[PDB]
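Sequences listed follow chains A and B, in order. The numbers in the first sequence follow the working numbering, run straight up by one, and end at 993. The numbers in the second sequence follow the working numbering, run straight up by one, and end at 980. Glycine included, each C-beta is placed from N, C-alpha and C at the ideal position. The structure appears right after this line, and notes come after that.
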Amino acid sequence: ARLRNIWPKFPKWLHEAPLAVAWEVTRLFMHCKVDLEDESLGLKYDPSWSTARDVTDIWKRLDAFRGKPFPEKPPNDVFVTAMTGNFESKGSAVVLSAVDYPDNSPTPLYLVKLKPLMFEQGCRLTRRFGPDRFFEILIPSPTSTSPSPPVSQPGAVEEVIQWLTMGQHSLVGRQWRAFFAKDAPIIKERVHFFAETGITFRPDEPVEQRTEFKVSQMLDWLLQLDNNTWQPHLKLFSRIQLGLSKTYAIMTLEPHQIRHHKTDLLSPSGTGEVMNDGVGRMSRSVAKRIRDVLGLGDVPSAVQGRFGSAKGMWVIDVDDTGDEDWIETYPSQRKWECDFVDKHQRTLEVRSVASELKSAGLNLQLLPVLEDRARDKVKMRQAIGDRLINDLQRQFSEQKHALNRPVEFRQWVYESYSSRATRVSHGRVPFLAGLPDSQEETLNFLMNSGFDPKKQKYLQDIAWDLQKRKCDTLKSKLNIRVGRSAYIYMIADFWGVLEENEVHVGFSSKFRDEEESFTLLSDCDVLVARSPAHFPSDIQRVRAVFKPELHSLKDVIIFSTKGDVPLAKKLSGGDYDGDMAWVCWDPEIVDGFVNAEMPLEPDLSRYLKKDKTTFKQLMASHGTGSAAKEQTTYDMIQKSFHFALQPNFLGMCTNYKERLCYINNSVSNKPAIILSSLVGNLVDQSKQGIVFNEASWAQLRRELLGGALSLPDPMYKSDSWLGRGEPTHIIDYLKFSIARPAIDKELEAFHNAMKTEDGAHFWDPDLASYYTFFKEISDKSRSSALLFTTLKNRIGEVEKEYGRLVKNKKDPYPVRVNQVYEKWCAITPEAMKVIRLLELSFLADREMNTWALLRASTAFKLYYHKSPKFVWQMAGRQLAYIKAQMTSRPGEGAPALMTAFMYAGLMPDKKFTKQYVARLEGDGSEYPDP
Amino acid sequence: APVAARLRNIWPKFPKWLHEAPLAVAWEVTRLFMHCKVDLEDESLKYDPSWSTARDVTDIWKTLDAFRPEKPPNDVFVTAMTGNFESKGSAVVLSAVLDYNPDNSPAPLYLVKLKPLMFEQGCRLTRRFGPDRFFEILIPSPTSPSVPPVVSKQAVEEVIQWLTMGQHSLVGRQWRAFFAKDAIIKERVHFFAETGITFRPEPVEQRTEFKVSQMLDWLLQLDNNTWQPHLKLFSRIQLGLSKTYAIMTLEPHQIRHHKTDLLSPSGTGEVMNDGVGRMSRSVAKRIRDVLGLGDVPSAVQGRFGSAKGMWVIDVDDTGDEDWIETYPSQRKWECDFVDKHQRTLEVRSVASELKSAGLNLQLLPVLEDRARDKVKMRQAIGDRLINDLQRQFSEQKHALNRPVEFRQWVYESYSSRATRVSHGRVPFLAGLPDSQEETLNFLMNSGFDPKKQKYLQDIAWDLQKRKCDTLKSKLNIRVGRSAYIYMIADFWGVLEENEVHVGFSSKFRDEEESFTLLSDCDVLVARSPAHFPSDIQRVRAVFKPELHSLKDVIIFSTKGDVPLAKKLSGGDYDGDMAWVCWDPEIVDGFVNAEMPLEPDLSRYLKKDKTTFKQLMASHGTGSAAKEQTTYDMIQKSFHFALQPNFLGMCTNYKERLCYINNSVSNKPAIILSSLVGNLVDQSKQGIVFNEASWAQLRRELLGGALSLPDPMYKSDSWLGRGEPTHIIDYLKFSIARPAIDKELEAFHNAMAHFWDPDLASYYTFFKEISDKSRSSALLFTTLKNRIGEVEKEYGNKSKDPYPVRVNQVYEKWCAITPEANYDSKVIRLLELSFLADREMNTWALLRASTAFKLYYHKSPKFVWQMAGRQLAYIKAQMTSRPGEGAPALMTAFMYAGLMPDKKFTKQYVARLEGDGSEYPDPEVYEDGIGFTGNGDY
DNA sequence: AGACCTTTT
RNA sequence: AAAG
Ligand SMILES: Nc1ncnc2c1ncn2[C@@H]1O[C@H](COP(=O)(O)OP(=O)(O)OP(=O)(O)O)[C@@H](O)[C@H]1O
Ligand SMILES: [Mg+2]
Ligand SMILES: [Mg+2]
Ligand SMILES: [Mg+2]
Ligand SMILES: [Mg+2]
Ligand SMILES: [Mg+2]
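As C-alpha cells, then:
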C-alpha cells in the first residue's frame, strides 16, 4: 500500500562495503536528500572507506552533496569497534537504531530516519548471535488517538502489523525479520529485528561471515519451544524480554554448580502460598565475582539478574562457609522450561546491584491511603502541613543567611544544584562569551575572585533570579521531605528467623537524618509500601527487628517467610524479583497508621477477557514437525504484535482512578476497590493475555463506578486555586492552603527587600582601575590618547550591537551573544612599544592579555549603570581578574590562577566553611576533626 | 645554700607608670621592653591614655629613640581587653618560659621570657575564678648535664621554697603556686593571683582577694577529704585544670549518685564499671548541639564535679528528661555538687568515627610470645609490610601519570584544613606555599605536570623518602582491620565473659571487605603500653541488638571474676582506649595467657601514705590549721613532683634487657614489667623510688650496674653479627629495609626537566624589546645582576631559623623593583601602581621569567621559592587556549576553601580511559533511587 | 654501652 | 599543648 517502498534501497555499488560504512553511507544520502540508485553522480565504492576510523573521512566533494547539511556523526570509538571490534567492546554492543508519519499523498506512509551507530549495554541475544544481527526501530502505533493521520481505513492496524511480521525487510544488505515489540505527542512502540540473511551471509564467526539463521530458530534457542508448548503463546512471547534485557555478563557456572529446586518456599500454614517469589540464594564467592567484574568497592548483598530462564533477585547465603561457586533457582524464578546447557543459558547476567540508599521522601500519591489509615485524620493532616511549612521556612531562611557571607553562599550555590556532569563532559566549566553559561557557575566564578553578592548588584540580581525560579518550581512540584524513608530492594528470609510482620533492615553505611543516624533499624515500627499504593492495605505497618543472623545482608529489606501470605503480595501484589519497597521509619508518619485487611476483589470477568490459547493449540492448526513449529513461532509473533500495539488501558484507568478517588475523597469505598482491582489485573495485560477494549471500559464506568465516562481534573493539577472555598482534598490543602501562601510570603519579601544607598550597587572602584591608570598616561601623552579614544568609541559600537541583537529582540540567543563577543574580541590594538606590552603576543589566548583587562575596565566605567549585562556578558572574565588583582594584599597570602580544567575539578570544602565561620564567631576552639 | 642570692630579682619589675595599666598592656608593654632590653625602671614616664582603649598590639608597640617579637593574635588581645579573658570557652593564657641563665655570677639564676597572649581551652577553675587569675610557667627541673654549678653544689629544696613559700610579683599581681607536673627536662608550674594593686578585700580588674588555700578548698572540699593521702589529693587538682568544653549545668534532682559500683557476680568484689556511668539521651543531644557535632555521641570522656571518666548513653532511656549518674569509682573526692561549676558536665573528648590503626613495636614481642607458631606470625606481619608498601607505591606511581589524579592523591595524603582555617588562606613561605603538599597542588592547579617538571618531581620524591624513612624507624605496619576505641562497660548484663560488642557509626573500610559492626569473629584487645604477656587478650565479638545505639565504642562484659579492662595493663573505663584487631591473619594464632604473678618490689618501692589529717595534726584544728596544711601539701607534693622520674629509665632498661634475652616472659621481664606498672602512677600513688632504689634493684635482681647496649633496631643499618633473629630486627632489616629500597628504585625508574619554554616567555618578550632599546636593556641588565646577589645570599651549613633566613632573602628579592629605565610609559605598565600587591604586577612576572632563564639548572630551589607564585601565573596564562574555557584568578581566601572532587576525578579518568560505559559505581555517579538497570526489560 | 610509649584537643 |  502506501507502506511499500518506505525502506531505503541499498545501492548495488556498496555490495562489498562493511555494514558500518553501509549504515553511515545510507544515512548521509537520506539527510542530504540524494538518491543512490542513479547513475547521475557516477558514484562508486572508494576502497579508502574500509580501514577508516572516522565517519567524517567517509562523508568527505560531489555535486549532489556539495553544501548540504551534515547529519550527527557516530562517535569514533563506536565506529572503530564497529569496523574492527566485531560490534562488541567491553560488554557494550554497537546498536543499529532507527526511528514518523507529513505529506498526505496516496502513493510512503512513514518517513524513516536511521539513527547513528551507538554503544549500549549488550544482552544475552547480542552476546550469543552478534550485535550486528539486531536492529531496533521506534514507530507510532496505529491505535493511538492524537491526530498527526491519513487511520482517518478500518484495517490499518492489521495492515501495519502485516508489514512488520509477514515477511523480511531489506536494509544495509541484510534481511531483517521482526521478533519482538513493546511500548516505549504520539505513542510509539519499539520493534526489534533480527538479520536472518544477507549479502555476506553464508548459506550453511565474524560479522562479515554470518551463517544464515532464522528468527524461529533464534527464538527456539532462547525459549526451547519444544518443552514449552504448554505455555500461553502471549506469555511465551513476553519471555523474549529476558533475552533482550541489557545485562552485565558476570560469570558462567557449571551444571554441577546449579541447584534447581523443584518446590518454592511455601507458607508454614499449609496455605500453599509462595513466600520466596523471584528470590534465590547465591554463594559468597559468586557475589565476590560480581564485585570484581563490575568494579564495586564492596561485595553486594543482593543483585537483580537473570540466569537461563530464571529471573529475579539473588542474595548471599549467610550460611555459606566455603568458597565454592554455586547458585540456586526456584520455580517462581524460572519463566520457561530450560535445560541450562549452552553457556549463555548458564551465565549469571546482572541488571543492577543493591547499592547505598538515599532518602526518598513521601510522594503525594501515598497520602490518600495514609489518610485513610490514620487513627485521627485531623491530626495527621495538621502534622503533614506543619512539616511542610517548617521545611519551606527552613529552606528560605537557610538561603538568606548564606548570602551574608560569600564563603557560605558558595556552599549553598554548590549544594543547590550540580554541574559536575557538565564539567566532566567539557573538561571545564563551559563559558558563553565572557561568563559561564549557567547562573550557578557564574556566581561561584565571580565570588571566587572576590565579588560579594551583598555588594555587587549583578550578583545580587542573579542570586535573586535563581531563588525566584526555585520558588516557581516548588509550587508546581510539591515534595514532602521525610529523611527517615528510602526505597529498598525486597528480599525474603530464607532462614526462618523473622516472625510474621517482622522485617530486617541493615545499611551498608551511615544513613543520615538531620538529628539521627542509622546503620540499621531496630525496635521501631516502620511503614512498608510499593508505589503506587491503591488499596487501603497497600501500605503495611510492621516491626523492624535486627537479626544478627542476617547482619551481613545490607541495603535490602528482608520480609518474613512465615505467615499465611507473603508480605510482598500485600504490597499491591508484589514479590521479590526486583521490587522495591517504600520503607519509612519516621515516627511522626508511622505511629498514626492502622493496618487494613486485604480487600475482597470483585469479579470483573464480564469486562476482562483472557486469551489463554497455548503454543500447542496454535501449532495444531499447522500440524507437527519442524516446519509447523517454525510457522507457529511466526504466528506467535504476529498475534502478539496486535496485542502489544493495543491501547494503554492501564494508563487511562489509572488516571480515572486518581480522579474518581479525588472527587469522592475516598480510596476505600466500593468504586475505589473495583478500580484498584482493575488496574491491578492490567499491569500484566500483554503477559497474562487480558483483552480489554474501549467498550468494556465503557460498561464498567457506567455500570459500576458511578456513571461518569469523563471526570474532571483534580484542582492540584493547576498552579492556582481555582476551587470554591477552602480546599478539602489533602493534596489540594497541602499545595494551596500550606505551600502556596508560604512561598508567596517569601516572594512578597523578595520584592519588598528589593525596594537606600546602603546596599548592593553595580559600581566598583576596583573594576575601573585600568581605565584610570591609562587616563593618567593618556592625558600626558598623544599616542596613548589616540589609542584610548579609538578603543572607547570601538567599545561603544559593540555595546550598540548588543542592544539590537541581544537586549531588545530569530537566530538563537547564545549565537547572538557570540556574534557580539566576536566583535568584542575584535577590538584589539592592531585595529586600534606600549602596543606590544598590551598585546602580549607570546600568549595564544588574547583574552589573557593586558589589553583585555583595559578593554574590560574601560567598558565597565562607560556602561556599568546603563548597560550592566553587556559589560559582564562580554568581560566578566576580565572583571574577575581585575577584582582578584586589586583585592590582593601584601603579606595576606597569594591569589592563584587556575587553569580551566583544574578549576572544574575543585569543590567547596564543607568542613572549611563550617570551621571558618566558627572561628569568626569567636568559637575558635571547638571539637576538632568530626 | 646560696642559689638564694640568684633567686631574688627573677620576675620583671612592675613600675609605678603601669599601675593604672590594664593587665593586657601591662603584660605586653613588659614583653617588648624585655625583648628590646629596655629597663621598665629607666628614668632616662607616662602611661599612654591611647593604650587603655587600644585593640591592636602594634598601636601599643609603635608608641622611643632606643627602639630601632611575636605579636599576640589580634582577636585574643581584644578578649583580654574587653571580653574578660574569656571568648566562648577559650581562655586567654598568661604563660612564660624560664631557662638557666649562662651568667654564672652569684645576678638572676633564671631568665624569664613572657610568652605572647594566646587562646587555650578553659577549665573549671578558670571559669570559676577567672582566667586572669592564673599563671603558667615552664621551669627547668632542679633534680636533673648542662646544669649550672650553683645548682649542682648543695639547691632543690632552695628552689622549691622559692616557688612555694611566698607570692611572686608579676604584672601588678601576687601569684602563689598550687600545682606542678612534668612538661633539660622541664616542669610546669601553675600560679593563682591571690592579690594585686587593683584587687580588693565580678570584673577582671576588680577581683576580691582570694587565697590558694581557699581556691583549693572550693575545688576539693578538704574538710570532707582529710582521710585521703595528701599526694593523691594534690593530684586531683589536675581535674580542675583539665581543658574541657562546658556543656550544661544539671540540677540536683537530675543527678543520680550511686553509692556502690557494679561488682562481679562471683562475689570477688572486683569493680566491673570503673570510671564508667550512664547519661540520658537528651544530655547526649546537648553535647551534640553545644559542640556542633553531626550525630549524637554514644559516649564521652569528661568530668562532673568530683567525677572523672566515661559517660555512655542509657539504651533504656525512652524519656526526654535530662539526667546523669555518678559511681564511686568515678568520684575522686567527697563532693556536695552544690556550686553550678561543680554540677557542670565538662567534656574533654567524644567517641568519634574510628580510623585504621598500625602495629607498634610494643605489641609485637607479646604477639610473638603468645603465638602458637612464631614462624607463621613473623611471615604474616612481614608479608603485611611488603604488600602495604606495594599498594602505597602503586597507588602513587599510577597517580603521578595524571595531574588530576596526583592532586587527588596529594590532597588525600595530608589534611591541611586546620592551617587553612587558622590563616584564612594557604600559608606561604616567600613565593611558594609553606607545605610541600600545598606547593605541589598550587603548581599543578596552574598547569604544571609532576612528570614533566622536575621541580615537582623532586618534591614528591623527597616526600615519599621521608615517609619511607619513618616506616624504617617506627615499623607502624598499617592493619586495616584494627582501630583504637574507647572502652565501656555493659551496664545491662547482656554480654558474657570474653564477649565484646563493637558497632560502628558508619562504614569502616578495609580494601575488599567493609563493616558496620563486628559479629561472629574473634578479636584481640590490648591497651598501650603492652608489657606483660597477658596485656593482649583474645575475645569473641558478639553483636547485641540491645546495645545497637552505642557506636564507635567497645563494650566489655560486667560478668566474670575480673574486668577485662583490668587485664589490659590494669586499665579501666574512664577514658582508656583499646587497640582492637579483627584481622584473621593476626588474631587466629594468638593464645591467651593468665594475668602475671607479680613479684614483691616493696623493698625498693616506698609508698608515702600520709593523709591530710596526719599532715594537719602538726597544726591542730580550725581554719588556720587547714590553711597551713594545704600550703604544706603544695610544698611537699612539689618536692615529690620535681623528683626524678625513673619510668623512662626503667622502661628503656626493660626494652634493652628483654631484647638481649629475646624474652618478654622470663623472670627479669616479669620483674621489669611489674616495676614500670607502679612507676606510671607514682605521683598519684605516692611511691618514692630513688636512684639508690633503682641501683639496689638492678644489682639484686637485674644485671647490676652494667649499662645495657641499645638494640640493633635503634640503628639505621644492621651492624649485628649474623642474620636478624629478633622480630623487630627481622622486620626492619630483613623485611622493611630491602622492600623500601626495591619500591624506591621502581618509583624513580617510572618517573622530566627544569626547563619550560613557557616560563621563559616574558624573558624572551623583553629580550626582543631590550635589543631595540638601550634603556630597556639597562633595566633588563640591572634586573639580571640584582637577581644573582639574592641567589648568593640564599646559599651552606646559621643561628637564625630557616623561615627567617628565607624571608630575609625574599625581602631583598621583592626589593628588586623598577627603581632608576627612562621610558616612563613602559615603567608604569610594568609597575601597575594601582595594585596594592606589587607581586601582582607585570614586573614581578618578568622578574620571575628572567630569573628562570638565568637559573633553571643552577640553584633551582632559588627561583621557585622566590618566584614560584609568578611562575604559576605565567604557566596558566601560557597554557590557556582560545575558546577552550577560561582560567580563573582566585583570591587566597577563596582558594583555601576549595578541595578536589573525587567524583570529578573518577568520572573524568573513566571517560578518558575509554571504559566509561560500564557499571555505574554508586559512590562515583551519585525518589532517591539510583541505578536500577540500563533498560526496561 | 646513658631519662617511656600511644593517639588526639 | 593535650589525653590515656
Ligand atoms: N497459571 C498462571 N496464570 C496466570 N499468570 C501466571 C500463571 N503462572 C504464572 N503466571 C505469571 O507469571 C508471571 C511471572 O512473574 P514475573 O516475574 O514476570 O512478574 P513480576 O514479578 O510482576 O515482574 P517485575 O516485578 O520484574 O516487573 C507472573 O506475573 C505470574 O502472574
Ligand atoms: Mg516473580
Ligand atoms: Mg516483581
Ligand atoms: Mg579510673
Ligand atoms: Mg583511682
Ligand atoms: Mg584509666
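Would you mind telling me which residues of chain A sit closer than 7 angstroms to residue i, beta carbon to beta carbon, in chain order?
i, result
"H591/B", "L583, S585 and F609"
"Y962/B", "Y311, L357 and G358"
Per DSSP, residue i forms a beta bridge with which residues?
i, result
"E129/B", "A134/B"
"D142/B", "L154/B"
"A644/A", "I551/A"
"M353/B", "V319/B and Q344/B"
"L213/B", "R216/B"
Residues of chain B with a CB under 7 angstroms from the CB of residue i: which are they?
i, result
"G985/A", "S130 and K131"
"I840/A", "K868 and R871"
"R486/A", "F947"
Can you tell me the Cβ-Cβ gap for residue i and residue j, rounded? I've got them flagged as a contact below 8 angstroms.
i, j, result
"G424/A", "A312/A", "That belief does not hold up - the Cβ atoms of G424/A and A312/A are roughly 35 angstroms apart, past 8 angstroms."
"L443/B", "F449/B", "5 angstroms"
"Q502/A", "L522/A", "10 angstroms between Cβ atoms; not a contact."
"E860/A", "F933/A", "Going by Cβ atoms, the distance from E860/A to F933/A rounds to 12 angstroms, so no, they are not a contact pair."
Using a cut-off of 9 angstroms between C-beta atoms, extract the partners of residue i located in chain A.
i, result
"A939/B", "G956, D972, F975 and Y979"
"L878/B", "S832, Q948, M949 and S951"
For residue i, which residues of its own chain have a beta-carbon under 6 angstroms away from its beta-carbon, when the five flanking residues on both sides are left out?
i, result
"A97/B", "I103"
"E336/A", "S330 and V628"
"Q913/B", "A887, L888 and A891"
"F234/B", "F178, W218 and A220"
Which residues in chain B sit within 9 angstroms of residue i, going by Cβ to Cβ distance?
i, result
"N426/A", "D970"
Near residue i, which residues of its chain fall below 8 angstroms by C-beta distance, leaving aside the five closest residues on each side in sequence?
i, result
"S103/A", "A127"
"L700/B", "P711, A712, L715, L745, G746 and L751"
What does a CB cutoff of less than 7 angstroms around residue i pick up in its chain, not counting 5 residues either side in sequence?
i, result
"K178/A", "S160, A161 and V162"
"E660/A", "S600"
- How about the segment 313-325 of chain A and the segment 283-303 of chain A: do they share at least three Cβ pairs that are nearer than 8 angstroms? At 8 angstroms Cβ cutoff, the stretches do not touch.
- Message: Count Cβ pairs between the segment 440-459 of chain A and the segment 649-661 of chain A that sit closer than 8 angstroms; are there 3 or more?
- Response: Flag = yes, the segment 440-459 of chain A and the segment 649-661 of chain A touch.
- Evaluate contact between the segment 881-889 of chain A and the segment 899-910 of chain B, counting only Cβ atoms and requiring at least three cross-stretch pairs below 8 angstroms. No, because fewer than three Cβ pairs between the segment 881-889 of chain A and the segment 899-910 of chain B fall closer than 8 angstroms, the two stretches do not touch.
- Does the segment 527-544 of chain B touch the segment 607-625 of chain B, meaning 3 or more C-beta pairs lie closer than 8 angstroms? A contact is defined here as three or more CB-CB pairs under 8 angstroms, and the segment 607-625 of chain B meets this definition with respect to the segment 527-544 of chain B.
- Message: Could you check whether the segment 911-930 of chain B touches the segment 478-487 of chain A, counting it as contact only if at least three pairs of C-beta atoms, one from each stretch, sit closer than 8 angstroms?
- Response: Contact between the segment 911-930 of chain B and the segment 478-487 of chain A is absent: fewer than 3 CB-CB pairs across the two stretches fall below 8 angstroms.
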